[PDB]
Amino acid sequence: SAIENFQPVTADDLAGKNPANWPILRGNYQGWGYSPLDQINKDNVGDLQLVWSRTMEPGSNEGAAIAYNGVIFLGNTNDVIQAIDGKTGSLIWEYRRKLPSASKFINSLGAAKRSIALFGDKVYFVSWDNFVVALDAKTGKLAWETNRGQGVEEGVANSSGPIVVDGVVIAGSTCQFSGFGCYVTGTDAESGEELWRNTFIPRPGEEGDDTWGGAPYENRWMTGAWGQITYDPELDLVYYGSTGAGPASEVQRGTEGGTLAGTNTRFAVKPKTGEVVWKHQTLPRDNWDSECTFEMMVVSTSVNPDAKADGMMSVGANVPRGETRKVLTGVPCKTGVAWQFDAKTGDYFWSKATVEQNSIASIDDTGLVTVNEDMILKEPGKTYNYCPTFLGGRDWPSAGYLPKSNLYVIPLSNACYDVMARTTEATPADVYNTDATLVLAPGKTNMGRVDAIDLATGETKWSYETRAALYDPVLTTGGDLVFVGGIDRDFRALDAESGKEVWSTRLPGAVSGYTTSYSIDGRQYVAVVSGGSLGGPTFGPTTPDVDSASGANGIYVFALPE
Ligand SMILES: O=C(O)c1cc(C(=O)O)c2c(n1)C(=O)C(=O)c1cc(C(=O)O)[nH]c1-2
Ligand SMILES: [Ca+2]
Ligand SMILES: [Cl-]
Ligand SMILES: [Zn+2]
Ligand SMILES: [Zn+2]
Ligand SMILES: [Zn+2]
Ligand SMILES: [Zn+2]
């Protein structure tokens, strides 16, 4: 019935033109994480009730209810993909991939899945075994699949999910446990043919190779692009970011002094070809697993940064002050520094720290980052008191945009990392080859935090704090609300103007996944994926007074009483 008269998903849908739907991870191509739906607002949110819910597969539950014309498309863990009636919560179809023994996968991160993608009459995802897979949206039955290579025992996978642009499925990758780097690919959405593949680690003698400190090519590991991909239709530019290299210590890498061209770089590329239009390295010489791979938003804003705003690192030499620009903006790396660029040219406008950070000594008026020499992991076994941590700061949990107030709303953790490089030799299995203790940032008694930053001035308008880590995405809405989950298991709504909590419900486990909103027959629904991720186990022990249990993975859906 719900699936019956399925209409093909177009670029108009994916650009977020129909606010009744949420047909892409952040509601629109541009990465806003916003629903224009305004039925639910601060005056009635207190009445929100559970309408329906459904159990999801076990494991790290970071996915999103992709809603389209009354149907929820839902990536579970373990390559289980569901269509669910968005009104009743009844299963419509389920695809369950045949998996080899989990022990065969060296990269367990590929079990989690932040999104599927929609285009035409197909659902698109990347499997744990590193295939781009297309299912029939109407039935969940496989239409085609294409092996990208190096899956399973070789550890290339994907955790964020693809987007489809101009008939091209664009998907990044994680190779966290591999003795090599990885890539972003574009795949034809109808034929399944790989059209292009962009890599990051320079080959010997090629542009950037001299920034790797002499490290043999085969010793350059783990540089990937595992975060969220965004897109601007008008400019026709796809945006993604690459990550760092392992192990964390440049001494152990053999890259002393190396700024590591290709790593932690923000790329703007043409969707059909992968051609790089512009790029900017947001964290050079990474010794801190900084991963500048997180979603970056395309918004139009007046440009007027305050050099005295809290955390402001620097303002661009050629900042077009007072002018309105389409910008690429947000926090790309775990470090928690917000950046703003001209979306078309990559001209640097400004950058601004949020959480306590000590990896970046300065950023000059061109956007050139100089790292803090004191935090380079130069002596194995020495404890370096890094701020933030290998989980931020920010991490994958996405920001939201409030277009009425021009606020960028980002969930953050007030944590620092007492980290040391192990004294034993690093292998790819060892990842960053570090041991660490996580602590609250200096003078902070609240681990969970949400900052709302004015994109014109860089001023923080409000900041919400709570005892335990949030480590969960935000949803912003046209009802002037911000929804966010936490490891305290609360799913809460904040007043978008003040940051003050106006409603909450407590879910059975840490609220670990995305929140989306859609409507059916005029009724607004708010859907959250819950149960647990790496967040609770990591941040929970710092605030053991909070009951941060994981469990009961599911989608949980709320609405006002009929
Ligand atoms: O370097 C990589 O390839 C890679 C992949 C992943 C993943 O795909 O989830 C994470 C990280 N890195 C990472 O550094 C990190 O802190 C992290 C947290 C999470 C999560 O699910 O909470 N995934 C990942
Ligand atoms: Ca990583
Ligand atoms: Cl529609
Ligand atoms: Zn449509
Ligand atoms: Zn630049
Ligand atoms: Zn100011
Ligand atoms: Zn509450």
# chains A, B, ... in the order shown; residues from 1 in each chain; ligands from 1
call {"tool": "residues_near_ligand", "arguments": {"ligand": "ligand 6", "cutoff": "8 Å", "atoms": "only C-alpha atoms and all ligand atoms", "output": "number ranges by chain"}}
result
A: 305-309, 457-459
call {"tool": "residues_near_ligand", "arguments": {"ligand": "ligand 1", "cutoff": "6 Å", "atoms": "only C-alpha atoms and all ligand atoms", "output": "NGL selection string"}}
result
:A and (109 or 159 or 174-176 or 224 or 226 or 390-391 or 533-535)
call {"tool": "residues_near_ligand", "arguments": {"ligand": "ligand 4", "cutoff": "9 Å", "atoms": "only C-alpha atoms and all ligand atoms", "output": "list in words"}}
result
residues 7, 8, 9, 10, 11, 12, 13, 14, 17, 18, 21, 68 and 69 of chain A
call {"tool": "residues_near_ligand", "arguments": {"ligand": "ligand 2", "cutoff": "12 Å", "atoms": "only C-alpha atoms and all ligand atoms", "output": "ChimeraX atom specification"}}
result
/A:107,109,159,173-178,181,221-227,242-248,263-264,286-294,333-334,389-392,395-396,431-432
call {"tool": "write_last_selection", "arguments": {"atoms": "C-alpha atoms", "output": "PDB file, in the first residue's frame"}}
result
ATOM      1  CA  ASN A 107      37.692  -3.890   9.508  1.00  0.00           C
ATOM      2  CA  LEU A 109      33.705  -0.448  11.174  1.00  0.00           C
ATOM      3  CA  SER A 159      30.550   3.332   7.051  1.00  0.00           C
ATOM      4  CA  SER A 173      35.862   4.341   2.111  1.00  0.00           C
ATOM      5  CA  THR A 174      37.571   3.341   5.340  1.00  0.00           C
ATOM      6  CA  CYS A 175      40.788   1.280   5.357  1.00  0.00           C
ATOM      7  CA  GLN A 176      41.514   1.786   9.080  1.00  0.00           C
ATOM      8  CA  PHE A 177      43.304  -1.539   9.559  1.00  0.00           C
ATOM      9  CA  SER A 178      45.182  -1.721   6.226  1.00  0.00           C
ATOM     10  CA  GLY A 181      45.372   3.979   1.732  1.00  0.00           C
ATOM     11  CA  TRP A 221      48.701   3.596   5.782  1.00  0.00           C
ATOM     12  CA  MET A 222      45.005   4.197   6.342  1.00  0.00           C
ATOM     13  CA  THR A 223      44.445   7.508   4.581  1.00  0.00           C
ATOM     14  CA  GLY A 224      40.792   7.272   3.455  1.00  0.00           C
ATOM     15  CA  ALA A 225      37.555   9.259   3.199  1.00  0.00           C
ATOM     16  CA  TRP A 226      35.053   7.631   5.543  1.00  0.00           C
ATOM     17  CA  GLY A 227      32.899  10.605   6.492  1.00  0.00           C
ATOM     18  CA  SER A 242      40.255  12.699   3.460  1.00  0.00           C
ATOM     19  CA  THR A 243      41.722  11.475   6.755  1.00  0.00           C
ATOM     20  CA  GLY A 244      45.107  11.006   8.419  1.00  0.00           C
ATOM     21  CA  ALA A 245      47.768   8.300   8.385  1.00  0.00           C
ATOM     22  CA  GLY A 246      48.621   5.573  10.895  1.00  0.00           C
ATOM     23  CA  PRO A 247      50.268   4.991  13.287  1.00  0.00           C
ATOM     24  CA  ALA A 248      49.625   8.342  14.979  1.00  0.00           C
ATOM     25  CA  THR A 263      45.758  13.671   4.178  1.00  0.00           C
ATOM     26  CA  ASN A 264      42.994  15.563   6.010  1.00  0.00           C
ATOM     27  CA  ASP A 286      48.479  14.777  11.754  1.00  0.00           C
ATOM     28  CA  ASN A 287      49.711  13.019  14.915  1.00  0.00           C
ATOM     29  CA  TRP A 288      46.207  12.802  16.472  1.00  0.00           C
ATOM     30  CA  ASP A 289      43.858  10.768  14.293  1.00  0.00           C
ATOM     31  CA  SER A 290      42.107  14.047  13.410  1.00  0.00           C
ATOM     32  CA  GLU A 291      40.115  12.826  10.324  1.00  0.00           C
ATOM     33  CA  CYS A 292      39.015  15.937   8.478  1.00  0.00           C
ATOM     34  CA  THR A 293      36.332  13.826   6.759  1.00  0.00           C
ATOM     35  CA  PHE A 294      33.080  15.068   8.369  1.00  0.00           C
ATOM     36  CA  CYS A 333      37.901  17.413  11.742  1.00  0.00           C
ATOM     37  CA  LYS A 334      37.692  15.966  15.275  1.00  0.00           C
ATOM     38  CA  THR A 389      40.577  13.147  21.687  1.00  0.00           C
ATOM     39  CA  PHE A 390      40.485  10.518  18.909  1.00  0.00           C
ATOM     40  CA  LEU A 391      36.688  10.756  19.277  1.00  0.00           C
ATOM     41  CA  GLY A 392      36.645  14.574  19.482  1.00  0.00           C
ATOM     42  CA  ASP A 395      33.343  12.960  15.396  1.00  0.00           C
ATOM     43  CA  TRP A 396      30.993  11.571  12.701  1.00  0.00           C
ATOM     44  CA  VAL A 431      45.808   1.197  14.028  1.00  0.00           C
ATOM     45  CA  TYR A 432      47.319   4.373  15.681  1.00  0.00           C
TER      46      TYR A 432
END
call {"tool": "select_by_dssp", "arguments": {"residues": "region 253-411 of chain A", "states": "helix (DSSP H, G or I)", "output": "JSON list (two decimals) with C-alpha atoms, in the first residue's frame"}}
result
[["chain", "number", "residue", "atom", "x", "y", "z"],
["A", 253, "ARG", "CA", 55.45, 6.37, 10.62],
["A", 373, "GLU", "CA", 55.31, 20.98, 18.07],
["A", 374, "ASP", "CA", 54.68, 20.04, 21.75],
["A", 375, "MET", "CA", 51.94, 17.57, 20.77]]
call {"tool": "residues_around", "arguments": {"residues": "residue 260 (chain A)", "least_positions_apart": "3", "cutoff": "9 Å", "atoms": "only C-alpha atoms", "output": "MDAnalysis selection string"}}
result
chainID A and resid 201:202 208:213 244:245 255 257 263:264 284:286
call {"tool": "write_last_selection", "arguments": {"atoms": "C-alpha atoms", "output": "PDB file, in the first residue's frame"}}
result
ATOM      1  CA  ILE A 201      48.467   9.158  -0.804  1.00  0.00           C
ATOM      2  CA  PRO A 202      50.967  10.525  -3.334  1.00  0.00           C
ATOM      3  CA  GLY A 208      53.087  16.085  -2.672  1.00  0.00           C
ATOM      4  CA  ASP A 209      55.346  13.038  -2.307  1.00  0.00           C
ATOM      5  CA  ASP A 210      58.088  15.190  -0.718  1.00  0.00           C
ATOM      6  CA  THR A 211      55.836  16.058   2.236  1.00  0.00           C
ATOM      7  CA  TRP A 212      55.893  12.474   3.551  1.00  0.00           C
ATOM      8  CA  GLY A 213      59.304  12.755   5.193  1.00  0.00           C
ATOM      9  CA  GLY A 244      45.107  11.006   8.419  1.00  0.00           C
ATOM     10  CA  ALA A 245      47.768   8.300   8.385  1.00  0.00           C
ATOM     11  CA  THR A 255      57.350  10.847   8.349  1.00  0.00           C
ATOM     12  CA  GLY A 257      58.445  16.878   9.727  1.00  0.00           C
ATOM     13  CA  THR A 263      45.758  13.671   4.178  1.00  0.00           C
ATOM     14  CA  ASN A 264      42.994  15.563   6.010  1.00  0.00           C
ATOM     15  CA  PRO A 284      48.599  18.890   8.209  1.00  0.00           C
ATOM     16  CA  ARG A 285      51.200  16.697   9.908  1.00  0.00           C
ATOM     17  CA  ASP A 286      48.479  14.777  11.754  1.00  0.00           C
TER      18      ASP A 286
END
call {"tool": "residues_near_ligand", "arguments": {"ligand": "ligand 5", "cutoff": "9 Å", "atoms": "only C-alpha atoms and all ligand atoms", "output": "compact mmCIF listing (two decimals) with N, CA and C atoms, in the first residue's frame"}}
result
# COMPACT_ATOMS: atom_id res chain seq x y z
N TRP A 278 38.92 22.33 -6.46
CA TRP A 278 39.74 22.97 -5.44
C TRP A 278 39.90 22.09 -4.23
N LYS A 279 40.91 22.38 -3.43
CA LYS A 279 41.14 21.60 -2.22
C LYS A 279 41.89 22.43 -1.20
N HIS A 280 41.79 22.04 0.07
CA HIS A 280 42.48 22.75 1.13
C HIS A 280 42.72 21.79 2.26
N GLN A 281 43.97 21.70 2.70
CA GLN A 281 44.34 20.82 3.80
C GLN A 281 44.06 21.47 5.14
N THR A 282 43.13 20.88 5.89
CA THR A 282 42.63 21.47 7.15
C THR A 282 43.37 20.99 8.41
N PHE A 341 34.89 28.58 3.78
CA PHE A 341 35.51 28.82 2.48
C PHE A 341 34.47 29.33 1.49
N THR A 345 35.41 28.63 -5.08
CA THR A 345 36.84 28.84 -5.33
C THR A 345 37.73 28.23 -4.24
N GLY A 346 37.15 28.02 -3.07
CA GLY A 346 37.94 27.59 -1.92
C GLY A 346 38.72 28.67 -1.19
N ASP A 347 38.45 29.93 -1.52
CA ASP A 347 39.04 31.06 -0.80
C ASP A 347 38.73 30.95 0.69
N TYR A 348 39.76 31.15 1.51
CA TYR A 348 39.64 31.00 2.96
C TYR A 348 39.03 32.25 3.59
N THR A 366 45.78 32.83 5.27
CA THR A 366 45.53 32.06 4.03
C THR A 366 44.88 30.72 4.35
N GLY A 367 44.74 30.41 5.63
CA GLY A 367 44.21 29.12 6.05
C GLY A 367 45.28 28.05 6.20
N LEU A 368 46.54 28.48 6.21
CA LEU A 368 47.63 27.54 6.44
C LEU A 368 47.75 27.23 7.93
call {"tool": "select_by_dssp", "arguments": {"residues": "region 295-428 of chain A", "states": "strand (DSSP E)", "output": "NGL selection string"}}
result
:A and (297-302 or 312-315 or 324-330 or 338-342 or 348-352 or 360-363 or 369-371 or 384-386 or 400-402 or 407-413 or 415-421)
call {"tool": "write_last_selection", "arguments": {"atoms": "N, CA and C atoms", "output": "compact mmCIF listing (two decimals), in the first residue's frame"}}
result
# COMPACT_ATOMS: atom_id res chain seq x y z
N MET A 297 28.86 21.85 5.04
CA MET A 297 27.59 22.36 4.54
C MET A 297 27.78 23.43 3.48
N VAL A 298 26.85 23.49 2.54
CA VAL A 298 26.81 24.56 1.56
C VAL A 298 25.67 25.49 1.95
N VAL A 299 26.01 26.70 2.36
CA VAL A 299 25.01 27.68 2.77
C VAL A 299 25.35 29.04 2.18
N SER A 300 24.34 29.90 2.07
CA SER A 300 24.56 31.28 1.65
C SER A 300 24.48 32.19 2.86
N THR A 301 25.53 32.98 3.08
CA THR A 301 25.61 33.81 4.28
C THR A 301 26.32 35.12 4.04
N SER A 302 25.92 36.16 4.78
CA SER A 302 26.72 37.37 4.85
C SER A 302 28.05 36.98 5.47
N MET A 312 38.25 32.27 17.60
CA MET A 312 38.59 32.65 16.23
C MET A 312 40.09 32.53 16.02
N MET A 313 40.47 31.74 15.01
CA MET A 313 41.88 31.44 14.76
C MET A 313 42.50 32.54 13.91
N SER A 314 41.78 32.93 12.86
CA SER A 314 42.22 33.99 11.94
C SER A 314 41.12 34.25 10.92
N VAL A 315 41.23 35.39 10.25
CA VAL A 315 40.28 35.80 9.23
C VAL A 315 41.07 35.89 7.93
N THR A 324 27.44 38.81 0.51
CA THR A 324 26.78 37.52 0.65
C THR A 324 27.47 36.53 -0.29
N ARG A 325 27.85 35.38 0.25
CA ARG A 325 28.56 34.34 -0.51
C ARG A 325 27.93 32.98 -0.25
N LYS A 326 27.95 32.12 -1.27
CA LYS A 326 27.75 30.70 -1.07
C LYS A 326 29.05 30.11 -0.50
N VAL A 327 28.97 29.53 0.69
CA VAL A 327 30.18 29.05 1.37
C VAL A 327 30.13 27.54 1.65
N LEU A 328 31.32 26.94 1.77
CA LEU A 328 31.45 25.60 2.31
C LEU A 328 31.88 25.79 3.75
N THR A 329 31.10 25.31 4.69
CA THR A 329 31.35 25.70 6.06
C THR A 329 30.95 24.61 7.06
N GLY A 330 31.56 24.65 8.24
CA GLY A 330 31.33 23.67 9.29
C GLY A 330 32.63 23.19 9.88
N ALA A 338 35.84 25.12 13.36
CA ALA A 338 34.94 25.45 12.24
C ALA A 338 35.69 26.25 11.20
N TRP A 339 35.44 25.93 9.94
CA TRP A 339 36.06 26.64 8.81
C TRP A 339 35.00 27.24 7.95
N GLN A 340 35.34 28.31 7.24
CA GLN A 340 34.48 28.77 6.16
C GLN A 340 35.30 29.14 4.93
N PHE A 341 34.89 28.58 3.78
CA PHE A 341 35.51 28.82 2.48
C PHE A 341 34.47 29.33 1.49
N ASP A 342 34.91 30.06 0.47
CA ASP A 342 34.06 30.24 -0.69
C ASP A 342 33.84 28.85 -1.30
N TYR A 348 39.76 31.15 1.51
CA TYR A 348 39.64 31.00 2.96
C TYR A 348 39.03 32.25 3.59
N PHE A 349 37.94 32.07 4.34
CA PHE A 349 37.26 33.22 4.99
C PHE A 349 37.62 33.34 6.48
N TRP A 350 37.50 32.23 7.21
CA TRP A 350 37.86 32.20 8.65
C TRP A 350 37.79 30.81 9.21
N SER A 351 38.35 30.66 10.41
CA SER A 351 38.28 29.41 11.16
C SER A 351 38.22 29.75 12.65
N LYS A 352 37.59 28.86 13.42
CA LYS A 352 37.23 29.16 14.81
C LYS A 352 37.17 27.87 15.63
N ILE A 360 46.64 22.44 17.12
CA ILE A 360 46.87 23.54 16.17
C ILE A 360 47.42 24.74 16.91
N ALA A 361 48.65 25.12 16.58
CA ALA A 361 49.27 26.29 17.18
C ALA A 361 48.70 27.58 16.62
N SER A 362 48.50 27.61 15.30
CA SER A 362 47.98 28.80 14.62
C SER A 362 47.42 28.46 13.25
N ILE A 363 46.58 29.35 12.74
CA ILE A 363 46.13 29.28 11.34
C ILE A 363 46.33 30.68 10.79
N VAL A 369 47.58 25.96 8.28
CA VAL A 369 47.66 25.48 9.67
C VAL A 369 49.10 25.18 10.06
N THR A 370 49.52 25.68 11.22
CA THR A 370 50.78 25.25 11.82
C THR A 370 50.44 24.43 13.07
N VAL A 371 50.90 23.19 13.12
CA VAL A 371 50.62 22.36 14.29
C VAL A 371 51.52 22.72 15.47
N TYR A 384 51.43 12.44 26.19
CA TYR A 384 51.15 13.76 25.64
C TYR A 384 49.74 14.13 26.03
N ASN A 385 49.57 15.33 26.55
CA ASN A 385 48.24 15.71 27.00
C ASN A 385 47.46 16.46 25.93
N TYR A 386 46.99 15.67 24.96
CA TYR A 386 46.30 16.18 23.80
C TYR A 386 44.88 16.60 24.15
N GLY A 400 23.76 20.45 12.36
CA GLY A 400 22.49 20.85 11.73
C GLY A 400 22.54 22.35 11.49
N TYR A 401 21.80 22.81 10.49
CA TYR A 401 21.74 24.25 10.16
C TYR A 401 20.34 24.80 10.45
N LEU A 402 20.28 26.02 11.00
CA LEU A 402 19.01 26.73 11.22
C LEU A 402 19.00 27.93 10.28
N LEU A 407 22.24 29.76 12.06
CA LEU A 407 23.06 29.08 13.07
C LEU A 407 23.49 27.67 12.65
N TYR A 408 24.77 27.40 12.85
CA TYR A 408 25.39 26.10 12.65
C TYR A 408 25.47 25.43 14.02
N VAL A 409 24.78 24.30 14.13
CA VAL A 409 24.57 23.62 15.40
C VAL A 409 25.31 22.30 15.43
N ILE A 410 26.30 22.20 16.30
CA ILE A 410 27.23 21.07 16.27
C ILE A 410 27.35 20.38 17.62
N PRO A 411 27.15 19.06 17.63
CA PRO A 411 27.35 18.32 18.87
C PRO A 411 28.84 18.01 19.08
N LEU A 412 29.28 18.13 20.33
CA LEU A 412 30.71 18.11 20.71
C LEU A 412 30.89 17.38 22.03
N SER A 413 32.11 16.90 22.27
CA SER A 413 32.49 16.30 23.54
C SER A 413 33.62 17.11 24.19
N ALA A 415 36.25 16.71 25.98
CA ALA A 415 37.19 15.69 26.40
C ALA A 415 38.60 15.99 25.91
N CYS A 416 39.58 15.53 26.71
CA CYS A 416 40.99 15.52 26.32
C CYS A 416 41.56 14.12 26.48
N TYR A 417 42.70 13.88 25.84
CA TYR A 417 43.25 12.54 25.69
C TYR A 417 44.67 12.53 26.22
N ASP A 418 44.93 11.82 27.32
CA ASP A 418 46.30 11.57 27.77
C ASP A 418 46.83 10.36 26.98
N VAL A 419 47.54 10.66 25.90
CA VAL A 419 47.85 9.65 24.89
C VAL A 419 49.35 9.39 24.80
N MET A 420 49.70 8.12 24.59
CA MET A 420 51.08 7.77 24.32
C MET A 420 51.20 6.78 23.17
N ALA A 421 52.26 6.94 22.39
CA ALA A 421 52.59 5.97 21.37
C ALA A 421 53.14 4.75 22.11
call {"tool": "residues_around", "arguments": {"residues": "residue 79 (chain A)", "least_positions_apart": "6", "cutoff": "12 Å", "atoms": "only C-alpha atoms", "output": "compact mmCIF listing (two decimals) with N, CA, C and O atoms, in the first residue's frame"}}
result
# COMPACT_ATOMS: atom_id res chain seq x y z
N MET A 56 16.16 -3.21 15.51
CA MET A 56 17.16 -3.21 14.46
C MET A 56 18.26 -4.22 14.79
O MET A 56 18.39 -4.68 15.94
N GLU A 57 19.07 -4.56 13.79
CA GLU A 57 20.15 -5.53 13.99
C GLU A 57 21.17 -5.08 15.06
O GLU A 57 21.39 -3.88 15.24
N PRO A 58 21.78 -6.04 15.77
CA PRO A 58 22.72 -5.69 16.83
C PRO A 58 24.04 -5.11 16.34
O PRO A 58 24.44 -5.35 15.19
N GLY A 59 24.70 -4.34 17.20
CA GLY A 59 25.98 -3.74 16.86
C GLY A 59 25.92 -2.23 16.97
O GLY A 59 25.05 -1.68 17.67
N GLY A 63 22.74 4.46 12.05
CA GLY A 63 22.00 4.77 10.83
C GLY A 63 20.91 5.82 10.90
O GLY A 63 20.71 6.47 11.93
N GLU A 94 12.71 -6.71 3.45
CA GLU A 94 14.02 -6.78 4.10
C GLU A 94 15.03 -7.48 3.21
O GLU A 94 14.75 -8.58 2.71
N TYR A 95 16.19 -6.87 3.01
CA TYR A 95 17.28 -7.53 2.32
C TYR A 95 18.32 -7.90 3.37
O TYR A 95 18.64 -7.08 4.23
N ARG A 96 18.83 -9.13 3.31
CA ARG A 96 19.82 -9.61 4.28
C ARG A 96 21.00 -10.24 3.50
O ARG A 96 20.86 -11.32 2.94
N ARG A 97 22.13 -9.54 3.45
CA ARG A 97 23.28 -10.00 2.67
C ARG A 97 23.88 -11.25 3.31
O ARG A 97 23.93 -11.35 4.53
N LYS A 98 24.30 -12.20 2.48
CA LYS A 98 25.07 -13.35 2.96
C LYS A 98 26.46 -12.85 3.33
O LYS A 98 27.17 -12.30 2.48
N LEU A 99 26.84 -13.03 4.59
CA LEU A 99 28.13 -12.54 5.05
C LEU A 99 29.06 -13.71 5.34
O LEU A 99 28.61 -14.74 5.84
N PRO A 100 30.36 -13.56 5.02
CA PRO A 100 31.33 -14.55 5.50
C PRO A 100 31.44 -14.38 7.00
O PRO A 100 30.93 -13.38 7.53
N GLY A 110 33.09 -1.39 9.02
CA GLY A 110 32.25 -1.59 7.84
C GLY A 110 30.94 -2.31 8.13
O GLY A 110 30.10 -2.39 7.24
N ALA A 111 30.77 -2.84 9.35
CA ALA A 111 29.49 -3.43 9.77
C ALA A 111 28.41 -2.37 10.00
O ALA A 111 27.23 -2.61 9.70
N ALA A 112 28.81 -1.22 10.57
CA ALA A 112 27.92 -0.05 10.76
C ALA A 112 27.69 0.73 9.47
O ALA A 112 28.54 0.73 8.57
N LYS A 113 26.54 1.40 9.39
CA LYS A 113 26.09 2.01 8.14
C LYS A 113 25.22 3.22 8.46
O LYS A 113 24.10 3.08 8.96
N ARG A 114 25.74 4.42 8.18
CA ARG A 114 25.05 5.65 8.60
C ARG A 114 23.89 5.97 7.66
O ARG A 114 22.90 6.59 8.08
N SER A 115 23.97 5.49 6.42
CA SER A 115 22.87 5.74 5.47
C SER A 115 22.86 4.79 4.29
O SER A 115 23.90 4.26 3.89
N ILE A 116 21.66 4.60 3.72
CA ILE A 116 21.53 4.22 2.33
C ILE A 116 21.32 5.49 1.50
O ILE A 116 21.11 6.57 2.07
N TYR A 124 20.68 2.39 -2.76
CA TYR A 124 22.12 2.16 -2.98
C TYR A 124 22.85 2.13 -1.63
O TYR A 124 22.62 2.99 -0.77
N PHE A 125 23.72 1.16 -1.46
CA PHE A 125 24.56 1.11 -0.26
C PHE A 125 25.90 0.48 -0.60
O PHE A 125 26.07 -0.08 -1.69
N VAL A 126 26.85 0.60 0.32
CA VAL A 126 28.09 -0.12 0.19
C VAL A 126 28.12 -1.22 1.26
O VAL A 126 27.87 -0.96 2.44
N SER A 127 28.42 -2.43 0.82
CA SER A 127 28.37 -3.60 1.68
C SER A 127 29.64 -3.76 2.51
O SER A 127 30.66 -3.14 2.22
N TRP A 128 29.59 -4.64 3.51
CA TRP A 128 30.74 -4.87 4.38
C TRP A 128 31.90 -5.43 3.57
O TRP A 128 33.07 -5.08 3.82
N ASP A 129 31.58 -6.26 2.57
CA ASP A 129 32.58 -6.75 1.63
C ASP A 129 33.02 -5.79 0.49
O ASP A 129 33.70 -6.20 -0.43
N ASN A 130 32.66 -4.51 0.61
CA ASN A 130 33.10 -3.45 -0.31
C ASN A 130 32.56 -3.54 -1.75
O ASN A 130 33.26 -3.22 -2.72
N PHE A 131 31.30 -3.96 -1.89
CA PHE A 131 30.58 -3.86 -3.15
C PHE A 131 29.69 -2.62 -3.09
O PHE A 131 29.11 -2.32 -2.05
N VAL A 132 29.55 -1.92 -4.22
CA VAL A 132 28.47 -0.94 -4.35
C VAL A 132 27.26 -1.77 -4.75
O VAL A 132 27.34 -2.51 -5.70
N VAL A 133 26.17 -1.67 -4.00
CA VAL A 133 25.01 -2.53 -4.23
C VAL A 133 23.78 -1.66 -4.51
O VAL A 133 23.58 -0.64 -3.84
N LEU A 135 19.66 -2.03 -4.87
CA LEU A 135 18.46 -2.85 -4.65
C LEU A 135 17.30 -2.13 -5.29
O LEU A 135 17.29 -0.89 -5.33
N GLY A 140 13.30 -4.53 -2.40
CA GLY A 140 14.52 -4.86 -1.67
C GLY A 140 15.39 -5.91 -2.34
O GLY A 140 16.42 -6.30 -1.80
N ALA A 157 36.25 -0.84 3.35
CA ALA A 157 34.82 -0.88 3.59
C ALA A 157 34.30 0.56 3.55
O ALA A 157 35.00 1.47 3.10
N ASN A 158 33.06 0.74 4.00
CA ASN A 158 32.41 2.03 3.98
C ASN A 158 31.46 2.09 5.16
O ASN A 158 30.77 1.10 5.44
N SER A 159 31.42 3.21 5.86
CA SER A 159 30.55 3.33 7.05
C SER A 159 29.50 4.42 6.95
O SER A 159 28.48 4.36 7.65
N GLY A 161 27.94 5.71 3.92
CA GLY A 161 26.97 5.52 2.83
C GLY A 161 27.24 6.49 1.68
O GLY A 161 27.88 7.53 1.87
call {"tool": "residues_around", "arguments": {"residues": "residue 39 (chain A)", "least_positions_apart": "6", "cutoff": "10 Å", "atoms": "only C-alpha atoms", "output": "ChimeraX atom specification"}}
result
/A:45,477-479,519,522-525,559-560
call {"tool": "closest_atom_pairs", "arguments": {"of": "chain A", "to": "ligand 7", "cutoff": "8 Å", "atoms": "only C-alpha atoms and all ligand atoms", "output": "CSV"}}
result
residue,atom,partner,partner_atom_place_in_ligand_line,distance
A:490,CA,ligand 7,1 (Zn),6.4
A:491,CA,ligand 7,1 (Zn),7.7
A:492,CA,ligand 7,1 (Zn),6.1
A:501,CA,ligand 7,1 (Zn),6.8
A:502,CA,ligand 7,1 (Zn),7.8
A:503,CA,ligand 7,1 (Zn),6.1
A:504,CA,ligand 7,1 (Zn),4.4
A:505,CA,ligand 7,1 (Zn),6.7
A:506,CA,ligand 7,1 (Zn),7.9
call {"tool": "residues_around", "arguments": {"residues": "residue 489 (chain A)", "least_positions_apart": "4", "cutoff": "9 Å", "atoms": "only C-alpha atoms", "output": "list in words"}}
result
residues 485, 505, 506, 507, 508, 509, 510, 511, 512, 530, 531, 547, 548, 549 and 550 of chain A
